[PDB]
Amino acid sequence: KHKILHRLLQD
Amino acid sequence: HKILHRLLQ
Amino acid sequence: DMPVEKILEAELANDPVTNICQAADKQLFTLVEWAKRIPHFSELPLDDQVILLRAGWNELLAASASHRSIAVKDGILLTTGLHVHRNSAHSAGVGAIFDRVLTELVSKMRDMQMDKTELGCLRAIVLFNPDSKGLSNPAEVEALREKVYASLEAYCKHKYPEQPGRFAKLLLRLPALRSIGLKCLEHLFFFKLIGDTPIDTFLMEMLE
Amino acid sequence: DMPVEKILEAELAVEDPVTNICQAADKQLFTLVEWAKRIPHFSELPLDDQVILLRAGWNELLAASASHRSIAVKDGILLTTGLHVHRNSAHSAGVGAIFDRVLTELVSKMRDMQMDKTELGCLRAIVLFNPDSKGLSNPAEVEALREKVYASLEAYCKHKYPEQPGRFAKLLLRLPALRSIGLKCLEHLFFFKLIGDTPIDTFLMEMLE
Ligand SMILES: CC1(C)CCC(C)(C)c2cc(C3(c4ccc(C(=O)[O-])cc4)OCCO3)ccc21
Ligand SMILES: CC1(C)CCC(C)(C)c2cc(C3(c4ccc(C(=O)[O-])cc4)OCCO3)ccc21
């Protein structure tokens, strides 16, 4: 639901 | 500001 | 001089929303009496006295009714004897802000067993807001503010030893208290705007 | 278990008007997410808790970030893009009132008590570790993480600043001013969303869900 935040938290 | 002033005396 | 004893003395002295508004107006009188028994309060210029009270009523009343309600872990105990329950507030359209109060204040104060002295200190800290626009002297206000939490860490460390972070735990409810306090303003401002929700005389003077 | 040296190592690890502030806020959000990972035990949390934490307190982790870096700027704010926004430019854009509040309740107080990046770092961590956020899976761990932060902050103050006993409280008492500013800063950003006059970049749109 929060695309840019989930993607920025994993890496 | 009446009731607030009066309530302080 | 801010003896923690005198602050404890000051504290010791249909439509659900309409019943909540009748009670806010009534407690505003009591608030004004509470502040007067705060050490060195009545000695301020009424230019400042009015500003301190017109900048924290939503937050001083929020704290008061919250601490009354530590006994009723269901809803809120109002100053008039009526209990407003989660269902009445939800069924009346104020469930969102009403759940925060129970969650962020009423239940937090229950779990840490906050007493009537730490509440009077915390309300007195809210009262002496030096960040209130147009104060004649914000320095004297903050002077009184520092005097207060000084008497609270001392009271915490002696009455509640082996709890070093209880004095900080208390102060970390002031951000929540303000978050709620401004949400009731916006809520109250809105009830006045729509104009089909009764509002008493004193509650309007506090909404400008 | 939560040292201030690791927290300070996080603050240092990360370094017309309204439109510039919305660009700066967007780019600063990418920097906030990387500040949070370097905060002890934040990444051990459930990924759905990490989302709830940052997404509930960015509006005031950012305000604290720009407030403290603006201690040097007089009557203005230094943005994360290196651009200064002046109080005169603020009123001109129609947002003078809230700008004044940041200059008075935030920048001015961090200046007069000479707040350092360690105190700022713990104050921000306390903001990040807020167990009152709605939807958390384990608020107790978040509360115990918050308790570890200010228990460490009280010690840093007692050892570094023994000439100011109430230095601990003065820091915590800046958190209510922040919750106030951050909320009024959303109530503005949200309005800038409706009209569509201000370009709002990708990341900032998402937070403004
Ligand atoms: C938003 C609405 C109607 C519902 C949610 C709650 C119960 C929080 C609430 C509280 C207030 C109040 C308030 C506080 C105490 C009392 C009382 O003592 O009975 C009465 C009212 O107004 C000043 C601040 O809190 C006002 C409005 C609302
Ligand atoms: C309302 C408006 C435009 C004017 C008042 C100020 C400048 C404080 C402000 C700050 C913010 C901000 C913000 C914080 C930091 C930065 C930065 O450092 O780049 C940029 C923006 O967004 C979230 C909270 O604070 C948003 C909007 C506004």
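Bear in mind that the values in this text are calculations on the coordinates, not laboratory data. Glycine also receives a Cβ, built like all others from the backbone with ideal geometry; neighbour counts cover every protein chain displayed.
Only one of (1) in a loop (DSSP other than H, G, I, E, B); (2) surrounded by 14 or more Cβ atoms within 10 Å (Cβ to Cβ) fails for C:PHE98. Which number is that?
Against the list (1) in a loop (DSSP other than H, G, I, E, B); (2) surrounded by 14 or more Cβ atoms within 10 Å (Cβ to Cβ), C:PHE98 comes up short only on (1).
Here is a yes/no grid of residues against (1) surrounded by 18 or more Cβ atoms within 10 Å (Cβ to Cβ); (2) charged (D, E, K, R):
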residue: C:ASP111; (1), (2): no, yes
residue: C:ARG123; (1), (2): yes, yes
residue: C:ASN129; (1), (2): yes, no
residue: C:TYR149; (1), (2): yes, no
residue: C:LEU152; (1), (2): yes, no
residue: C:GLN163; (1), (2): no, no
residue: C:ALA176; (1), (2): yes, no
residue: C:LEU182; (1), (2): no, no
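Pick from D:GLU105, D:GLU209: which is more than 22 Å from D:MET2 (Cα to Cα), away from ligand 1 (no atom under 16 Å from the Cβ) and within 11 Å of chain C (Cβ to nearest Cβ)? Break it down stepwise before answering.
Details: D:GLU209 fails: within 11 Å of chain C (Cβ to nearest Cβ).
Of the residues listed, the single one that is more than 22 Å from D:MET2 (Cα to Cα), away from ligand 1 (no atom under 16 Å from the Cβ) and within 11 Å of chain C (Cβ to nearest Cβ) is D:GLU105.
Mind listing whichever residues of the range D:35-52 are farther than 16 Å from A:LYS3 by Cα and in a helix (DSSP H, G or I)? Steps first, answer last, please.
Let us first name the residues in the range D:35-52 that are farther than 16 Å from A:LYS3 by Cα, namely D:35-46.
Result: D:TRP35, D:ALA36, D:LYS37.
Can you find, within the range C:47-89, the residue that is farthest from ligand 1 (Cβ to nearest atom) among those that are over 13 Å from the mean Cα position of the chain (by Cα) and of a type in the set (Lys, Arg)?
Only one residue tops the list, namely C:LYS73.
Counting only residues that are facing chain D (nearest Cβ under 8 Å) and not in a helix (DSSP H, G or I), which one in the range C:152-183 is nearest to D:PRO176 (Cα to Cα)?
Top of the filtered list is C:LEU172.
Just checking, how many residues over the range C:108-121 are within 14 Å of chain D (Cβ to nearest Cβ), under 28 Å from D:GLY135 (Cα atoms) and either within 15 Å of ligand 1 (Cβ to nearest atom) or not in a loop (DSSP other than H, G, I, E, B) (or both)?
3
Of these, D:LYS193, D:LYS134, which one is under 20 Å from the mean Cα position of the chain (by Cα), closer than 20 Å to A:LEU5 by Cβ and not polar (S, T, N, Q)? Walk me through it before giving the result.
Details: D:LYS193 fails: under 20 Å from the mean Cα position of the chain (by Cα).
It is D:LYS134.
Quick one: is D:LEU8 more than 9 Å from ligand 2 (Cβ to nearest atom), in contact with a helix residue (DSSP H, G or I) (Cβ under 9 Å, 6 or more places away or on another chain) and under 17 Å from D:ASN130 (Cα atoms)? Lay out the reasoning, then the answer.
Values: more than 9 Å from ligand 2 (Cβ to nearest atom): yes; in contact with a helix residue (DSSP H, G or I) (Cβ under 9 Å, 6 or more places away or on another chain): yes; under 17 Å from D:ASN130 (Cα atoms): no.
For D:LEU8, the condition - more than 9 Å from ligand 2 (Cβ to nearest atom), in contact with a helix residue (DSSP H, G or I) (Cβ under 9 Å, 6 or more places away or on another chain) and under 17 Å from D:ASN130 (Cα atoms) - is not met.
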